[PDB]
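Trainee: Fold the stuff below for me.
(5 chains)
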Amino acid sequence: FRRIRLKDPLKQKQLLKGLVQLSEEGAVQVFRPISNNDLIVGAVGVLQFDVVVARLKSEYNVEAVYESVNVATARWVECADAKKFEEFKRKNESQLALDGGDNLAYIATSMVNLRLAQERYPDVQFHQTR
Amino acid sequence: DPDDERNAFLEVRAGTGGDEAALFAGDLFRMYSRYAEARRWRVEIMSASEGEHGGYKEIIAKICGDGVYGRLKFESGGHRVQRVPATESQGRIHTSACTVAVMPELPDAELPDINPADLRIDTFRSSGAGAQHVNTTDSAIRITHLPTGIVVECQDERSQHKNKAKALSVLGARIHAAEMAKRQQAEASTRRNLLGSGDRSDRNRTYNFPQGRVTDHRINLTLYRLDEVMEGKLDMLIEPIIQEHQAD
Amino acid sequence: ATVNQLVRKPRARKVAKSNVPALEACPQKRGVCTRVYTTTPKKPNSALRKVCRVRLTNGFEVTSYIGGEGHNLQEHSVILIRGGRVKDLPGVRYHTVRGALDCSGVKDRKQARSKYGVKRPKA
RNA sequence: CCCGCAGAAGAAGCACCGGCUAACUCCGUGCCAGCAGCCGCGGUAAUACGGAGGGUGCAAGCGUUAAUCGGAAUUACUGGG
RNA sequence: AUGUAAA
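Mentor: Numbering: from 1, shown residues only, chains lettered A, B, ... in the order given. Here you go:
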């Protein structure tokens, strides 16, 4: 789904910790792009009102009202073996994004980019981690 | 677009440096007049104020016709003055600045109708003093607007219908005042957008006379002609800015 | 001289004030950072110096200079403020830390990248 | 702590380069963009902005910021008028 | 009487 845009932008550390605290769950996985804004909320379901209600706790005080921003399909998680992912980072370093648990799959925008990722041949023992 | 076909108001004002600056501003009147006579535009000597050695402190004018505004819209901003001027006994190169605002027509559609339904008038006797007649019959005809919420009160005198005429004249005067105040704040905001602080900061156009060239910041040109601009014939400064403005 | 007057009134060392009133000697502060605009400097400079009036977290209203080429500030985006005068703006004695909180680093810089928060070129 | 095995194989960055203070050129703008601890450069042939090459210094640390002292004999009793 | 504002 859509985003984190940090309404009332003072004290950002409660969502930089507390939603990454919720990122280990199977339903909620918070994804971090490199540009340090616009953090992605990853839900397997549709109703993200659960996290919005969960943002009203003792260490949770940010509202983050939702809108429509398109991110297409689930960021298929894959991390390559050594002596191969270094050039993969160096070619398109503006096209990475940290994940829940310090992962870097490619970036989720479209099926054509996933076809280019399959054409890129990341030969590795595959770990789903989902 | 009909906005491109509209007339314009040119406001050429002096910035840093006084007269050296005033002379530069004055030439620009000559620049756009030689630019304007190459096409057949009407120059209006609507407003001017003189300088010590020639050139002007603030000049405001109308140019009418068919399609003055786009150029004016593009121009609004600062102009550098790099020169060896006439008002100097040392013979050095000095910088001054001027500011040019380009305003559109905005034709005056004034005096909307009073509208009887929208405003409700209340007939009350009124306050005041001294007559048997003063108490019994009403003389407060308050007019209350529906869309703005303004009440006019001319609990004024003798009877309530001359007070109605007085209260409608006050409604018309307050509508005219509240609309012309917003327009002078809407002109003022536009005026501010057209002209910055007036200093020597670079705003989209320069003039380098001991070098023979003119730089433009947005869609800049390497034309050292300055001469062509000096007696009209600029086209080459204004046209490519329009060419890469129509791309956006 | 006149050591008996030094006996009466002791010789007092001058307590010089700090160049940054930063609430009991802090390196950095983090403020609300409103009012982003350009300022004409003092005499021999002539530039459009990007500055911001930073409402700090301790109540002080300081104004810090925005360095670098390009920024993403509009009346919001709380950032980090460091000390040090600028000698260019009367009233500005602070700088903005790039690479810190929500203001990102300067785009496409290679040299002097410890300052202005630019990471190493990975290629 | 000692012995054996694989393969130089897994392990180098940060600041500065006008003077103070250790180190040079070229290109892009041109008192716009910008740097700066002080004097300060940039107004079209910049050893001072940005990029490239090169060098200098420090080293798993390097620059910035913040506090104390020295230089400050600018709190002088040593040690001022 | 004045005489701006670039070594």
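Trainee: CA atoms for contacts and neighbours, from now on please.
Mentor: Noted.
Trainee: Does the most centrally placed residue in chain C have any beta-bridge partners, and if so which?
Mentor: Using C-alpha atoms, centre = their mean, the residue of chain C that lies closest to the mean C-alpha position is residue C:94, 1.2 Å off. For residue C:94, the residues forming beta bridges with it (DSSP bridges) are residue C:64, residue C:83.
Trainee: Residue C:53 falls within a strand, correct?
Mentor: Yes: note on residue C:53: a strand contains this position according to DSSP: H, G, I helix; E, B strand; the rest coil.
Trainee: what ranges do the strands span in chain C?
Mentor: Listed in chain order, the strands of chain C (DSSP state E) span residues C:28-31, C:34-39, C:49-55, C:61-65, C:79-83, C:94-96.
Trainee: Show me what from chain B comes close to RNA strand E.
Mentor: With the criterion set to C-alpha under 7 Å from any atom of the strand, chain B comes near RNA strand E through B:17-21, B:82, B:85, B:87-89, B:92-96.
Trainee: can you rerun that using 10 Å?
Mentor: Residues of chain B lying close to RNA strand E (C-alpha under 10 Å from any atom of the strand) are B:16-23, B:51-53, B:80-97, B:200, B:207-210.
Trainee: what does chain A put close to RNA strand D?
Mentor: Counting by C-alpha under 10 Å from any atom of the strand, the residues of chain A close to RNA strand D are A:82, A:83.
Trainee: Spell out the secondary structure type for the residue most central in space within chain A.
Mentor: Among the residues of chain A, residue A:31 comes closest to the average C-alpha position under C-alpha atoms, centre = their mean, at 1.9 Å. For residue A:31, the secondary structure call by three-state DSSP comes out as strand.
Trainee: and if you look at residue B:13?
Mentor: Classification of residue B:13 by three-state DSSP places it in strand.
Trainee: re earlier: for residue B:148, which of the strands of chain C is the nearest?
Mentor: Nearest to residue B:148, of all those, is strand C:34-39, at 32.8 Å by C-alpha to C-alpha.
Trainee: Can you tell me the SS state at residue A:41?
Mentor: Secondary structure assignment for residue A:41 (three-state DSSP): strand.
Trainee: Residue B:79 versus the closest residue to it other than its chain neighbours, what's the distance?
Mentor: What sits nearest to residue A:41 in space, not counting adjacent residues and going by C-alpha to C-alpha, 6 or more residues apart in numbering or on different chains, is residue A:30, at 4.9 Å. Summarising the geometry, the distance separating residue A:30 from residue B:79, computed by C-alpha to C-alpha, to the nearest Å, is 52 Å.
Trainee: More neighbours: these two, which one.
Mentor: For the pair residue A:30 and residue B:79, the greater number of neighbours falls to residue B:79 (29 against 24), based on other C-alpha atoms under 10 Å in any protein chain shown.
Trainee: Would you check that my belief about that one contacting residue B:201 is correct?
Mentor: No: using C-alpha atoms under 8 Å, residue B:79 and residue B:201 do not qualify as a contacting pair, with a distance of 9.1 Å.
Trainee: OK, now which residue of chain B is nearest to RNA strand D?
Mentor: Taking C-alpha to the nearest atom of the strand as the measure, chain B has residue B:201 as its residue closest to RNA strand D, at 3.7 Å.
Trainee: Give me the number of neighbouring residues for that residue.
Mentor: Counted by other C-alpha under 10 Å, the residues lying close to residue B:201 total 16.
Trainee: Show the contacting residues for the residue nearest to the centre of chain A.
Mentor: If you count contacts by C-alpha atoms under 8 Å, 6 or more residues apart in numbering or on different chains, residue A:31 has them with A:39, A:40, A:41, A:42, A:97, A:98, A:99, A:100.
Trainee: hmm, try it at 6 Å
Mentor: Contacts of residue A:31 were listed using C-alpha atoms under 6 Å, 6 or more residues apart in numbering or on different chains, and they are A:39, A:40, A:99, A:100.
Trainee: so which of the residues you listed comes closest to chain C?
Mentor: residue A:39 (12.3 Å; C-alpha to the nearest C-alpha).
Trainee: surely that closest one meets residue A:6?
Mentor: No: using C-alpha atoms under 6 Å as the test, residue A:39 is too far from residue A:6 to be in contact (9.2 Å).
Trainee: more crowded one of those two?
Mentor: For residue A:39 versus residue A:6, neighbours defined as other C-alpha under 10 Å are more numerous around residue A:39 (22 against 18).
Trainee: how near is the more buried one to residue A:11?
Mentor: With C-alpha to C-alpha as the criterion, residue A:39 and residue A:11 are 15 Å apart.
Trainee: For the helix or strand where residue A:14 lies, list every residue counted as buried.
Mentor: Secondary structure from DSSP states H and E places residue A:14 in helix A:13-21. Of the residues in helix A:13-21, those buried by neighbour count under the rule 16 or more other C-alpha atoms under 10 Å in any protein chain shown are A:14, A:15, A:19, A:20.
Trainee: now swap in stretch C:30-39 and tell me
Mentor: Neighbour-count burial for stretch C:30-39 flags C:30, C:31, C:32, C:33, C:34, C:35, C:36, C:39 (criterion: 16+ other C-alpha under 10 Å).
Trainee: can you pull the contacts of the residue lying closest to the first one once chain neighbours are set aside?
Mentor: Using C-alpha to C-alpha, 6+ apart and skipping residues adjacent in sequence, the residue nearest residue C:30 is residue C:80, 4.6 Å away. Residue C:80 sits next to C:29, C:30, C:97 when contact means C-alpha under 6 Å, 6+ apart.
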